[PDB]
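Here is run.cif, consisting of mmCIF, C-alpha atoms and all ligand atoms:
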data_start
loop_
_atom_site.label_atom_id
_atom_site.label_comp_id
_atom_site.auth_asym_id
_atom_site.auth_seq_id
_atom_site.Cartn_x
_atom_site.Cartn_y
_atom_site.Cartn_z
CA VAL A 3 -4.12 116.47 266.58
CA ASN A 4 -1.84 115.34 263.70
CA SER A 5 1.87 114.40 263.38
CA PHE A 6 3.32 117.47 261.62
CA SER A 7 6.02 119.12 263.79
CA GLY A 8 7.86 122.45 263.93
CA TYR A 9 5.54 124.31 261.56
CA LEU A 10 5.00 128.05 261.85
CA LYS A 11 1.33 129.08 262.01
CA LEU A 12 0.26 131.49 259.23
CA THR A 13 -3.58 131.19 259.56
CA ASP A 14 -6.21 129.03 261.19
CA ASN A 15 -5.49 126.24 258.68
CA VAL A 16 -2.15 127.05 256.94
CA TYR A 17 1.22 126.07 258.47
CA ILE A 18 4.69 126.47 256.92
CA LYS A 19 8.21 125.06 257.36
CA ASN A 20 11.61 125.15 255.66
CA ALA A 21 11.93 121.51 254.63
CA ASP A 22 12.83 119.19 251.78
CA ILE A 23 9.30 117.94 250.99
CA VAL A 24 10.59 114.48 249.95
CA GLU A 25 12.38 114.04 253.28
CA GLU A 26 9.37 115.45 255.14
CA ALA A 27 7.05 112.95 253.45
CA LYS A 28 9.34 110.05 254.43
CA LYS A 29 9.26 111.06 258.12
CA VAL A 30 5.52 111.90 258.47
CA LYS A 31 4.00 109.46 255.93
CA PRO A 32 1.05 111.86 255.50
CA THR A 33 -2.26 110.77 254.11
CA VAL A 34 -1.67 113.11 251.14
CA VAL A 35 1.52 114.56 249.66
CA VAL A 36 1.02 117.06 246.84
CA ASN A 37 3.19 116.79 243.74
CA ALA A 38 3.86 119.86 241.61
CA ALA A 39 2.99 117.94 238.45
CA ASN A 40 2.73 118.76 234.77
CA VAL A 41 -0.17 117.66 232.56
CA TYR A 42 1.82 114.67 231.22
CA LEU A 43 2.85 113.48 234.70
CA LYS A 44 6.44 113.52 233.44
CA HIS A 45 8.31 113.74 236.72
CA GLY A 46 11.69 114.97 235.50
CA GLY A 47 12.69 117.71 237.92
CA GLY A 48 11.53 119.80 240.85
CA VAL A 49 9.19 118.27 243.40
CA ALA A 50 8.01 115.72 240.80
CA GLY A 51 11.47 114.42 239.87
CA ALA A 52 12.52 114.35 243.53
CA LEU A 53 9.46 112.47 244.82
CA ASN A 54 9.67 110.17 241.84
CA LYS A 55 13.35 109.46 242.52
CA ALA A 56 12.51 108.67 246.15
CA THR A 57 9.95 106.08 244.92
CA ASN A 58 12.63 104.36 242.81
CA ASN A 59 10.66 105.46 239.69
CA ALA A 60 7.49 103.62 240.77
CA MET A 61 5.62 106.94 240.69
CA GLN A 62 6.58 107.39 237.01
CA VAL A 63 5.58 103.81 236.12
CA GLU A 64 2.17 104.33 237.70
CA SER A 65 1.84 107.77 236.09
CA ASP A 66 2.61 106.52 232.58
CA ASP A 67 -0.14 103.88 232.93
CA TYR A 68 -2.52 106.61 234.16
CA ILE A 69 -1.78 108.84 231.13
CA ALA A 70 -2.01 105.96 228.66
CA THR A 71 -5.53 105.28 229.93
CA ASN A 72 -6.83 108.79 230.66
CA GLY A 73 -4.80 111.26 228.64
CA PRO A 74 -3.23 114.40 230.07
CA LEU A 75 -4.49 116.48 232.94
CA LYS A 76 -5.69 120.07 232.59
CA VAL A 77 -3.61 122.98 233.83
CA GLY A 78 -5.36 123.72 237.13
CA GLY A 79 -6.43 120.08 237.49
CA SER A 80 -5.30 117.10 239.53
CA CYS A 81 -5.47 113.37 239.99
CA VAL A 82 -5.05 111.11 243.02
CA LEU A 83 -2.52 108.31 242.65
CA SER A 84 -0.53 106.20 245.09
CA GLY A 85 1.84 107.83 247.56
CA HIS A 86 4.12 104.78 247.23
CA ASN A 87 6.69 104.73 250.09
CA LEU A 88 6.15 108.44 250.88
CA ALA A 89 2.43 108.85 251.74
CA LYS A 90 -0.85 107.03 251.46
CA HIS A 91 -1.79 109.11 248.39
CA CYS A 92 -0.12 111.56 246.07
CA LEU A 93 -2.30 114.38 244.80
CA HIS A 94 -0.71 115.40 241.48
CA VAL A 95 -1.72 119.04 240.97
CA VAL A 96 -0.89 121.05 237.84
CA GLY A 97 -0.23 124.70 238.53
CA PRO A 98 0.45 127.01 235.61
CA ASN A 99 4.09 127.08 234.45
CA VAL A 100 5.06 130.70 233.74
CA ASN A 101 8.22 129.46 231.95
CA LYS A 102 5.91 127.70 229.43
CA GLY A 103 3.67 130.81 229.12
CA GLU A 104 0.56 129.47 231.00
CA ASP A 105 -1.99 131.80 232.65
CA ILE A 106 -1.11 132.54 236.31
CA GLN A 107 -4.87 133.11 237.01
CA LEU A 108 -5.14 129.28 236.91
CA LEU A 109 -3.20 129.09 240.19
CA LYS A 110 -6.39 129.54 242.23
CA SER A 111 -8.07 126.66 240.36
CA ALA A 112 -5.00 124.51 241.07
CA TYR A 113 -5.19 125.21 244.82
CA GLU A 114 -8.93 124.43 244.88
CA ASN A 115 -7.99 120.77 244.41
CA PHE A 116 -6.57 120.82 247.95
CA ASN A 117 -10.06 121.37 249.38
CA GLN A 118 -10.99 117.78 248.50
CA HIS A 119 -8.55 116.55 251.20
CA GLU A 120 -8.76 117.23 254.93
CA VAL A 121 -4.99 117.39 255.51
CA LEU A 122 -2.10 117.74 253.01
CA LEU A 123 1.67 118.17 252.88
CA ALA A 124 2.40 120.48 249.89
CA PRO A 125 4.79 122.84 248.02
CA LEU A 126 4.01 126.35 246.77
CA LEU A 127 2.38 125.59 243.41
CA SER A 128 3.66 127.49 240.34
CA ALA A 129 6.76 128.68 242.28
CA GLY A 130 10.32 127.32 242.00
CA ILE A 131 11.11 126.24 238.41
CA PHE A 132 7.47 126.94 237.39
CA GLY A 133 8.44 130.63 237.43
CA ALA A 134 5.89 132.41 239.65
CA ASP A 135 6.56 134.54 242.70
CA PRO A 136 6.31 132.33 245.83
CA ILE A 137 4.90 135.28 247.81
CA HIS A 138 2.00 135.31 245.35
CA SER A 139 1.59 131.52 245.49
CA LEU A 140 1.47 131.64 249.30
CA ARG A 141 -1.18 134.37 249.20
CA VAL A 142 -3.34 132.40 246.76
CA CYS A 143 -2.92 129.29 248.92
CA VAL A 144 -4.05 131.07 252.10
CA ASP A 145 -6.96 132.72 250.28
CA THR A 146 -8.14 129.51 248.54
CA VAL A 147 -7.41 126.42 250.65
CA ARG A 148 -9.81 125.84 253.55
CA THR A 149 -8.52 122.40 254.58
CA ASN A 150 -5.39 121.90 256.68
CA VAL A 151 -2.28 122.47 254.60
CA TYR A 152 1.31 121.98 255.77
CA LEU A 153 3.59 123.83 253.34
CA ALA A 154 7.21 122.90 252.82
CA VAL A 155 9.60 125.53 251.38
CA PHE A 156 12.87 123.99 250.18
CA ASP A 157 15.05 127.13 250.39
CA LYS A 158 15.81 128.65 253.80
CA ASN A 159 16.49 132.13 252.43
CA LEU A 160 13.15 132.18 250.57
CA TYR A 161 11.35 130.65 253.58
CA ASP A 162 12.52 133.54 255.77
CA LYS A 163 11.39 136.02 253.10
CA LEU A 164 7.95 134.38 252.89
CA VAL A 165 7.47 134.49 256.68
CA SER A 166 8.74 138.07 257.03
CA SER A 167 6.53 139.37 254.20
CA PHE A 168 3.35 137.47 255.13
CA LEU A 169 0.33 139.65 255.80
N1 LIG B 201 14.14 117.33 247.22
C1 LIG B 201 13.54 118.41 246.49
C2 LIG B 201 12.41 119.03 247.00
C3 LIG B 201 11.84 120.08 246.30
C4 LIG B 201 12.40 120.48 245.11
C5 LIG B 201 11.82 121.65 244.34
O1 LIG B 201 12.29 122.10 243.35
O2 LIG B 201 10.71 122.23 244.94
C6 LIG B 201 10.28 123.50 244.54
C7 LIG B 201 9.31 123.46 243.35
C8 LIG B 201 9.42 122.81 242.13
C9 LIG B 201 8.39 122.94 241.22
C10 LIG B 201 7.29 123.70 241.51
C11 LIG B 201 7.17 124.36 242.71
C12 LIG B 201 8.18 124.24 243.64
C13 LIG B 201 8.34 124.86 245.04
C14 LIG B 201 9.42 124.00 245.66
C15 LIG B 201 10.24 124.75 246.71
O3 LIG B 201 11.23 125.43 246.37
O4 LIG B 201 9.90 124.67 247.91
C16 LIG B 201 13.53 119.85 244.63
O5 LIG B 201 14.11 120.24 243.43
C17 LIG B 201 14.11 118.81 245.31
#
As structure tokens, please, write out the structure in this file.
Ligand SMILES: Nc1ccc(C(=O)O[C@H]2c3ccccc3C[C@@H]2C(=O)O)c(O)c1
Amino acid sequence: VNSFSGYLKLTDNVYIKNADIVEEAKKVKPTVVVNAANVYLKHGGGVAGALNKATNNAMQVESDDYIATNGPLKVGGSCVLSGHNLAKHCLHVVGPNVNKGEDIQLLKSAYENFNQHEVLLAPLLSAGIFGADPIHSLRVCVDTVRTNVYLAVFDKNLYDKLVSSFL
């Protein structure tokens, strides 16, 4: 048993909800919240900017120190950093950004990072302002992640479309 509530059941291990992921993280304080990061960990907008804002910019301060030491991530890669006031850990995962012209095939590699964690609260990688079709991202998630993933979809109208079209 875990503390996630009101999620629809898509598969044995994938659950989904219409929620603001920042507000969800605050309530649950999950072991792992996934950030939809870029390779520079520059948390300007989207999930990244919103989580970062909720940490009072402490996520960005930590991230800049990480990059100064380690250099950028790979598209498809990840790093584990603090979850600050939102979660124990934040898994920063870089999905391909279609609006930057990155290869959507890398989405599966991005979701494979989730398998290193038993339970996660996460967004649909590469969707939203990253430019991919959320229906596709959800399909790749279900077909790649084997650990227990609790997906938050910010937009109610898209959430209903994702549920109604899910095979
Ligand atoms: N408080 C919040 C929470 C989330 C977002 C957001 O953009 O998230 C979308 C986002 C952003 C970037 C990549 C993928 C996704 C999917 C996610 C969604 O639409 O579910 C926001 O701007 C403010």
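Within 9 Å of stretch 125-128 of chain A there are residues 23, 36, 37, 38, 49, 95, 96, 97, 98, 99, 100, 106, 109, 112, 113, 131, 132, 133, 134, 135, 136, 139, 140, 143, 152, 153, 154, 155 and 156 of chain A, counting only C-alpha atoms and ignoring same-chain residues fewer than 3 positions away.
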Would you please work out which residue, of A:129, A:142, A:147, A:61, is nearest to ligand LIG 201 (chain B) when using all atoms listed in the file?
->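 Selected residue with least distance to ligand LIG 201 (chain B): A:129.
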Distance atom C4 of ligand LIG 201 (chain B)-atom CA of residue A:48, one decimal place?
->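 Atom-to-atom, atom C4 of ligand LIG 201 (chain B) and atom CA of residue A:48 are spaced 4.4 Å apart.
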With distances taken over only C-alpha atoms, which of A:51, A:42, A:4, A:57 is nearest to residue A:70?
->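 Using only C-alpha atoms, the shortest distance to residue A:70 belongs to A:42.
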Distance of atom CA of residue A:56 from atom CA of residue A:87, expressed in Å to one decimal place |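 So the answer is 8.1 Å.
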Atom CA of residue A:86 to atom CA of residue A:73, distance in Å rounded to a single decimal |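 It comes out at 21.6 Å.
Considering the residues A:3, A:164, A:34, A:69 and counting all atoms listed in the file, ligand LIG 201 (chain B) has its shortest atom-to-atom contact with A:164.
Checking A:40, A:15, A:80, A:58 one by one against ligand LIG 201 (chain B), counting only C-alpha atoms and all ligand atoms, you find the shortest gap at A:40.
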Have a look at A:76, A:11, A:138, A:55 and name the one nearest to ligand LIG 201 (chain B); count only C-alpha atoms and all ligand atoms.
-> A:55
Among the residues A:105, A:64, A:14, A:26, the one that comes closest to ligand LIG 201 (chain B) [using only C-alpha atoms and all ligand atoms] | A:26
Residue A:151 surroundings by all atoms listed in the file, 7 Å radius, close-in-sequence under 3 positions cut, as a list in words | residues 15, 16, 17, 121, 122, 123 and 124 of chain A
